[PDB]
Amino acid sequence: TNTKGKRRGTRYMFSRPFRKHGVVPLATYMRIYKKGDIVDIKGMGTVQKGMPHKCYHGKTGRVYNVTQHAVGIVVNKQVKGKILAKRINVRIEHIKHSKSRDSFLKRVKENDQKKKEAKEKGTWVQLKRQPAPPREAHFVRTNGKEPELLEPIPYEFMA
Amino acid sequence: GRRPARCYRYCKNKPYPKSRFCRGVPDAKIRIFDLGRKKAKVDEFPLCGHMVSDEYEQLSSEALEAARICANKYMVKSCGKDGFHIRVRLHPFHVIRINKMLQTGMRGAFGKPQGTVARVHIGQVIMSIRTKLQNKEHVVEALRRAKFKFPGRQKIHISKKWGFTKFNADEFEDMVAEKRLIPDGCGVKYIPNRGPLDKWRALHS
Amino acid sequence: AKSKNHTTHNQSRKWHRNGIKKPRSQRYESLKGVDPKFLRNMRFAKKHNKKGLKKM
Amino acid sequence: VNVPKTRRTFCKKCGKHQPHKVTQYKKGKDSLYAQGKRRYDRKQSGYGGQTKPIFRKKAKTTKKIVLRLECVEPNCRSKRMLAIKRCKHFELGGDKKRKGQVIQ
RNA sequence: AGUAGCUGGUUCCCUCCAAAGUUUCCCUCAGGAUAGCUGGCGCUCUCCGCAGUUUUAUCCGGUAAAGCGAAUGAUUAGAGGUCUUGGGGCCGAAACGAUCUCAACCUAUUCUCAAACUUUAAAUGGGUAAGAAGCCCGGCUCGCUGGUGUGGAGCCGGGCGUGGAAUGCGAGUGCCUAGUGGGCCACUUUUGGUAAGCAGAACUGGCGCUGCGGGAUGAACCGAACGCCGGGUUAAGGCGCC
RNA sequence: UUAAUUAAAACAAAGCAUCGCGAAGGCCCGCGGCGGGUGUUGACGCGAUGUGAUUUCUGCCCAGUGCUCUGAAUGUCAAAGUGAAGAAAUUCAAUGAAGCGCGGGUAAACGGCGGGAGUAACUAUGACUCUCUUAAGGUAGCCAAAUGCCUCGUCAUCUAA
RNA sequence: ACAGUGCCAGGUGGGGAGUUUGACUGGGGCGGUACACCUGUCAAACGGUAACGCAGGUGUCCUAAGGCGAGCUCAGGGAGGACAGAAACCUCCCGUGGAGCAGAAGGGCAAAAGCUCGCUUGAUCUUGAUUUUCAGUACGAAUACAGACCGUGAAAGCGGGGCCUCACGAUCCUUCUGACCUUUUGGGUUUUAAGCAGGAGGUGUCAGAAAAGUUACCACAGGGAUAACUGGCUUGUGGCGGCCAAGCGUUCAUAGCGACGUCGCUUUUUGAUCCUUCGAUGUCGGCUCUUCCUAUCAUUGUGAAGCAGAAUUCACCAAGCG
RNA sequence: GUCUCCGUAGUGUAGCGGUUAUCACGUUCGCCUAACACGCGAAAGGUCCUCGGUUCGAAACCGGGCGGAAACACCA
RNA sequence: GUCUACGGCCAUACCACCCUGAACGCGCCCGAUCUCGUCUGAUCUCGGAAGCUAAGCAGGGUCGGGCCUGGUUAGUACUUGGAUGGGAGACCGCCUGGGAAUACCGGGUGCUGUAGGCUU
Ligand SMILES: [Mg+2]
Ligand SMILES: [Mg+2]
Ligand SMILES: [Mg+2]
Ligand SMILES: [Mg+2]
Ligand SMILES: [Mg+2]
Ligand SMILES: [Mg+2]
Ligand SMILES: [Mg+2]
Ligand SMILES: [Mg+2]
Ligand SMILES: [Mg+2]
Ligand SMILES: [Mg+2]
Ligand SMILES: [Mg+2]
Ligand SMILES: [Mg+2]
Ligand SMILES: [Mg+2]
Ligand SMILES: [Mg+2]
Ligand SMILES: [Mg+2]
Ligand SMILES: [Mg+2]
Ligand SMILES: [Mg+2]
Ligand SMILES: [Mg+2]
Ligand SMILES: [Mg+2]
Ligand SMILES: [Mg+2]
Ligand SMILES: [Mg+2]
Ligand SMILES: [Mg+2]
Ligand SMILES: [Mg+2]
Ligand SMILES: [Mg+2]
Ligand SMILES: [Mg+2]
Ligand SMILES: [Mg+2]
Ligand SMILES: [Mg+2]
Ligand SMILES: [Mg+2]
Ligand SMILES: [Mg+2]
Ligand SMILES: [Mg+2]
Ligand SMILES: [Mg+2]
Ligand SMILES: [Mg+2]
Ligand SMILES: [Mg+2]
Ligand SMILES: [Mg+2]
Ligand SMILES: [Mg+2]
Ligand SMILES: [Mg+2]
Ligand SMILES: [Mg+2]
Ligand SMILES: [Mg+2]
Ligand SMILES: [Mg+2]
Ligand SMILES: [Mg+2]
Ligand SMILES: [Mg+2]
Ligand SMILES: [Mg+2]
Ligand SMILES: [Mg+2]
Ligand SMILES: [Mg+2]
Ligand SMILES: [Mg+2]
Ligand SMILES: [Mg+2]
Ligand SMILES: [Zn+2]
């Protein structure tokens with residue numbers, strides 16, 4: 001069997017990328033984390049304090065508590081047939097603001113602007129996204145050039 | 001002394017080199033990979049034939065040593081001891097184990113090193129011979145005779161590259177004239193249009 | 001005698017019979033585990049909310 | 001392991017850091033009139049033989065060292081037990097280490 | 001009527017639902033407890049929520065491949081330098097004087113490699129988001145923070161419904177609970193082993209619990225899953241005769 | 001002698017050799033006693049072992065384990081008794097039966113009884129020597145023996161084999 | 001006045017009594033520990049994932065090797081300098097870590113996490129929350145805080161052990177520490193004793209019995225979950241047979257052989273496995289008797305020889321008869 | 001095969017993490033003797049089996065090889 | 001055009017060598033009384049202002065090494081899902097989708113925030 005060691009199997013997971021070792025850039029500590037923020041957890045081997053456990057590496061959760069150095073994150077974890085909402089205390093070196101919602105918050109403002117504007121013009125504008133539709137009919141101009149004929153090439157043993 | 005080569009024909013295990021974890025591996029049967037006139041310049045031997053594996057299998061170091069002898073002896077007989085240069089292109093790095101029985105049985109069955117093999121892919125060159133153009137038939141026969149020391153299926157193929165270089169023979173002569181290639185013993189160095197211009201001054205002076 | 005050691009075979013089939021349900025979500029989440037110093041003030045803030053009742 | 005014979009640590013009676021004398025803790029001798037020893041004597045009397053287990057399969061080769069601290073404050077003289085990790089060799093107030101010295 | 005975690009047996013019908021051989025602990029390994037898997041009783045709503053699916057964004061990863069004229073490790077061949085060292089020589093009065101010659105060294109190349117190597121780096125995959133529990137305004141509380149009526153959190157009032165990707169589907173919740181806790185097989189991946197109808201894993205699907213058409217025959221293959229019937233048509237397989 | 005698969009080389013035996021005991025005793029029975037057997041006995045006896053007629057012999061070892069003998073000279077050592085402290089419970093101390101430790105004896109008590117190297121004027125052996133070594137280092141005998149793996153040992157005899 | 005007897009106490013006491021004499025495990029035993037832990041790999045790019053799988057480590061060590069601050073920069077190399085040389089010490093230069101950080105390995109680390117100094121005891125006192133294993137229990141270890149006391153620094157800060165991943169232990173009992181503490185039963189004082197909270201004494205089979213053999217005189221309940229025959233899969237080993245052709249054969253590869261290699265076949269060897277049989281399939285050998293195979297020793301008919309004859313060798317059809 | 005153990009002058013052997021690598025025999029030199037032996041006074045001589053590692057320092061401590069010697073291999 | 005102080009991202013910014021630097025800066029530089037620290041006022045600390053861009057630093061250059069980014073490698077290698085496909089096997093082809101990395105070839109060589117200077 002395997003060991004129950006806390007950091008087993010993190011040889012590559014927690015190591016630093018190639019030629020990106022050494023000092024931690026200080027903008028890592030200047031990020032502002034509020035209650036309700038979505039953050040992606042990514043353990044960093046340079047700082048050994050407040051390390052998330054390996055199972056939380058690559059997961060995204062919500063901030064519920066902010067201390068001087070860490071935050072409390074409610075992150076889902078699947079254990080067999082159930083998913084538990086787990087609360088982990090992670091130092092802010094091992095997290096980053098998630099962009100997963102920014103595309104949504106961009107759309108809301110665009111939605112809220114368009115909804116307001118269209119209303120005062122008495123017009124209807126699409127607000128819901130749609131899946132990419134089938135391409136519509138179009139013309140392809142030859143420009144008096146016959147398409148180049150293609151043929152399969154003969155086999156060649158380039159051994 | 002050793003098991004028949006059918007017992008280790010196929011690449012069933014991950015590569016198992018001789019390392020600090022696999023210790024006590026006996027020496028491989030094949031220790032020489034180049035014989036003949038190794039020192040011939042690039043231009044003396046333009047022709048190059050290959051023995052190319054048509055199978056994905058394991059070739060034992062004993063078969064590589066035997067084939068090398070079989071191919072080399074013919075070349076000496078038909079082209080002279082200085083009319084060719086042979087290069088075995090496979091090195092037996094994968095170690096094969098043995099679980100030696102006489103009795104525990106299958107308890108603690110992990111085996112001890114027994115030998116070494118080369119893992120060869122489909123289309124991978126096994127050994128190469130370069131010589132003069134007129135010796136084309138003698139290369140093919142030398143490699144045809146060496147196919148009988150190996151398991152599986154091999155193909156003899158006369159390369160379109162010049163000698164043991166990576167450059168086509170139909171344009172190697174011009175590339176040397178234009179100084180894109182510089183003879184460097186058995187092979188050629190490639191000179192790009194890059195780097196310090198003092199190199200260009202040296203070549204062109 | 002010897003027997004089988006371990007398997008998770010048939011386990012995802014069992015987990016999905018009653019569904020792998022996500023945790024239940026309520027609009028009000030408990031303040032368990034938040035900073036004690038922060039929580040002490042939030043209680044003082046709630047306690048004196050009635051002071052500004054008339055102004056509101 | 002080498003531990004100083006004094007340390008300035010927290011005293012619970014004084015409620016502040018104070019100098020303490022450090023010694024090793026030694027198990028006291030057993031009373032004959034502890035309820036557990038009295039109950040044992042009664043259960044062990046008469047016939048029947050041994051009535052409680054006798055532990056044989058010892059495995060540990062060391063003990064946890066317990067420091068006995070005593071507040072030097074004349075009026076307080078409180079005490080406290082402070083256990084440290086396992087060690088085969090323990091001494092109090094041994095010679096301190098030195099660096100850059102010739103090892104004769 | 002000794003005990004038996006062990007062998008044997010355990011008595012009418014129909015109807016509905018329907019498993020497990022796995023997790024952890026146990027002087028635990030032919031057994032229990034425990035979670036999972038089942039059943040029953042319902043109840044709270046409904047006629048928004050959810051999903052073994054994709055889409056769109058957004059993160060996570062170090063396997064496959066590749067690389068070794070990139071680090072670590074292993075490894076073949078020549079070539080050019082060379083006094084910075086050595087062995088052969090070799091002319092000597094002899095020295096770093098001369099003369100070569102073969103090695104070690106250095107410099108560009110070159111063949112071949114890695115489960116316990118790696119700069120690169122997939123496919124499949126794992127999280128998260130895709131709104132009303134939202135957004136935007138005005139105010140109030142604070143013993144927290146503080147150059148600042150600053151920050152942060154909470155609370156009160158008000159305004160906004162094009163319910164803000166596709167598709168499908170009614171959901172949520174609580175008690176009590178049996179049997180099981182010997183499995184085995186196949187595609188693919190995969191460890192040991194010469195290999196095994198061998199031993200051991202991952203994923204999914206099966207057999208076990210399951211008939212039926214086909215593979216002559218057959219637990220698992222291929223097709224297809226079953227109330228009692230008539231007609232039609234098929235699948236996989238077939239159409240000399242049986 | 002194993003009734004009913006073993007008749008024997010097993011058991012017994014005479015012979016031999018040890019051991020305890022002089023009776024308030026040895027050995028043994030018995031829940032019990034002024035109990036009982038040996039014992040209607042008394043060392044040429046009774047009790048307990050080993051070996052196994054005769055013949056010839058029975059080597060060395062008391063380190064081990066046993067058995068045994070000496071003991072205030074004397075470490076440990078229970079209860080009771082003695083002394084001190086205390087309000088007492090209690091605590092402490094001094095003292096110190098056997099037995100263990102300590103020292104002798106004992107193998108017809110259980111048992112035990114080596115290794116390396118060199119060396120004689122051909123070769124081989126090696127009487128001889130050096131060395132490590134235990135409580136002795138297997139003596140007289142005897143042997144491929146019912147005991148020797150290698151092993152169907154080697155030589156001779158017995159056979160055509 | 002002892003024998004002796006009664007009752008206590010110490011010794012002896014397999015004469016006798018009762019009981020125990022682990023588990024995993026390619027049968028069991030012997031051997032190992034895969035039984036509690038940790039690193040890399042397996043492992044199939046989230047996590048998880050097995051074997052008596054692979055390579056290793058663990059039961060410790062540290063008054064500093066803990067804490068803070070400052071100052072420095074390491075391995076190696078090049079070139080110089082009395083004795084001095086391969087290697088002593090001094091100087092300059094290059095040096096991305098090729099060193100060091102207690103230990104196994106992996107990660108991490110350069111005005112530092114290393115080296116050297118100065119000061120120190122955050123290795124202290126205290127309540128909850130969380131993470132890891134997980135049943136979302138315990139322990140262990142670890143993470144954010146909160147309250148005190150402190151250290152350090154000019155200060156921001158940092159520190160409640162060791163840069164991170166291991167380094168450890170329930171109930172009952174005993175022992176120590178703590179309070180102007182509670183109880184000590186009709187009340188009061190005082191010893192004692194018991195409570196309450198926190199440490200320690202230990203269970204390594206590490207969620208924690210107190211434990212030696214032998215049975216061929218053996219017993220019962222079971223087991224084909226499991227060994228000793230046959231049979232079955234496999235064929236390493238055994239046996240038999242090809243292919244290439246370096247050589248041997250005076251000459252001459254192939255009359256006859258044949259290295260280095262390599263491809264098969266067989267189930268008259270031994271293994272490996274454990275599918276059937278443990279409410280029983282009689283376990284070696286011989287004797288006797290029938291039958292079948294061919295991988296042919298003889299015989300019939302043949303081809304080839306390094307076949308003069310004779311004898312012999314190789315090959316073919318071939319198992320009728322021996 | 002599993003388990004345990006051992007390699008030190010020419011021979012047999014000690015070595016209680018810092019030794020001028022112990023002891024005896026042996027060998028070489030000088031006395032003694034007419035000469036040998038015995039005896040007396042002196043001298044030399046260890047690839048600490050080999051590779052690697054921790055250690056300020058390894059013959060010693062820890063791993064891997066190379067030789068070697070014991071103990072087991074049972075139930076059928 | 002540009003610098004100084006403090007920065008963010010952290011080589012398009014690094015490394016090597018060469019050329020040029022107006023003004024203000026930053027420096028080198030000159031001393032050791034004081035503060036402070038050294039075997040040594042070299043460093044550190046302090047007091048200065050004779051000299052110089054020599055150096056650091058800034059800008060530029062090199063068929064420069066590196067680094068960054070494209071192309072090729074290549075719809076290749078690998079890969080999800082499918083077949084009563086092939087083949088004795090080893091393995092391979094096809095169907096439905098995804099889709100790399102060297103060598104080799106090209107291009108580039110810091111951007112920028114706050115505050116304060118210089119530059120008719
Ligand atoms: Mg394998
Ligand atoms: Mg099971
Ligand atoms: Mg009693
Ligand atoms: Mg009964
Ligand atoms: Mg049982
Ligand atoms: Mg237990
Ligand atoms: Mg059963
Ligand atoms: Mg991996
Ligand atoms: Mg690969
Ligand atoms: Mg299987
Ligand atoms: Mg069943
Ligand atoms: Mg079913
Ligand atoms: Mg079915
Ligand atoms: Mg059929
Ligand atoms: Mg019909
Ligand atoms: Mg038919
Ligand atoms: Mg009888
Ligand atoms: Mg009879
Ligand atoms: Mg006797
Ligand atoms: Mg004696
Ligand atoms: Mg004897
Ligand atoms: Mg004798
Ligand atoms: Mg007894
Ligand atoms: Mg008994
Ligand atoms: Mg067992
Ligand atoms: Mg995976
Ligand atoms: Mg520092
Ligand atoms: Mg604090
Ligand atoms: Mg430290
Ligand atoms: Mg209990
Ligand atoms: Mg009273
Ligand atoms: Mg018997
Ligand atoms: Mg027996
Ligand atoms: Mg059998
Ligand atoms: Mg064979
Ligand atoms: Mg010949
Ligand atoms: Mg079976
Ligand atoms: Mg089986
Ligand atoms: Mg039967
Ligand atoms: Mg029968
Ligand atoms: Mg025939
Ligand atoms: Mg100027
Ligand atoms: Mg100066
Ligand atoms: Mg200049
Ligand atoms: Mg360039
Ligand atoms: Mg710039
Ligand atoms: Zn005090």
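Scope of the values below: all heavy atoms of this structure, side chains included, with no hydrogens, waters or symmetry mates. A note on names: the letters A, B, ... follow the listed sequences, proteins ahead of strands, and every chain is numbered from 1.
Note on A:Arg129: a side-chain N or O is less than 4.0 Å away from OP1 or OP2 of E:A165. Distances shorter than 4.0 Å separate none of the side-chain N or O atoms of A:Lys114 from OP1 or OP2 on E:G164. Within the structure, a side-chain polar atom (N or O) of A:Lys109 is placed less than 4.0 Å from OP1 or OP2 of E:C136. Residue C:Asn10 places none of its side-chain N or O atoms closer than 4.0 Å to OP1 or OP2 of E:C37.
Stacking of C:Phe44 onto the six-membered ring of E:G143 is present: less than 5.5 angstrom between centres, less than 30° between planes. E:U162 has its base stacked against the ring of A:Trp124, the centroids being under 5.5 angstrom apart at an interplanar angle below 30°. The ring of B:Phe21 lies on top of the base of E:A116, close enough and flat enough: under 5.5 Å between centres, under 30° between planes. A stacked arrangement is assigned to C:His16 and the six-membered base ring of E:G52, with a centre-to-centre distance below 5.5 Å and an interplanar angle below 30°.
The 5' end of RNA chain I is approached more closely, in terms of each residue's nearest nucleotide, by B:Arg9 than by the other of B:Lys166 and B:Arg9. Nearest-nucleotide positions on RNA chain I place A:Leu26 closer to the 5' end than the other of B:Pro196 and A:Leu26.
Taking atom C1' on both nucleotides, I:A100 is separated from I:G71 by 16 Å, rounded to a whole Å.
Among the atoms of the strands shown, only primed sugar atoms or phosphate atoms (P, OP1, OP2) are found under 4.0 Å from some heavy atom of A:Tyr12. Residue B:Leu90 is out of contact with every strand shown, counting any heavy-atom pair closer than 4.0 Å.
When the nucleotides E:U55, E:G52, E:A57 are ranked by their closest atom to the side chain of A:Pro131, E:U55 comes out on top. Out of I:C63, G:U175, G:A64, the shortest distance to the side chain of B:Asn193 is found at I:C63.
Remark: the bases of G:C72 and G:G204 do not meet in a Watson-Crick or G-U wobble pair with both edge contacts under 3.5 Å. A canonical Watson-Crick pair (purine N1 to pyrimidine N3 plus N6-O4 or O6-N4) or a G-U wobble (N1-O2 and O6-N3), each contact under 3.5 Å, is present between E:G179 and E:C37. With both hydrogen-bonding distances under 3.5 Å required, F:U139 and F:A156 do not qualify as a Watson-Crick or G-U wobble pair. With both hydrogen-bonding distances under 3.5 Å required, E:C142 and E:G69 do not qualify as a Watson-Crick or G-U wobble pair.
No donor-acceptor contact under 3.5 angstrom links the side chains of B:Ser128 and B:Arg87, judged on distance only.
Ion pairing of B:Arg2 with B:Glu62 is present here, as a side-chain N (NZ or NE/NH1/NH2) and a carboxylate O approach within less than 4.0 Å.
Glycosidic conformation of G:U25: syn, with the torsion inside 90° of 0.
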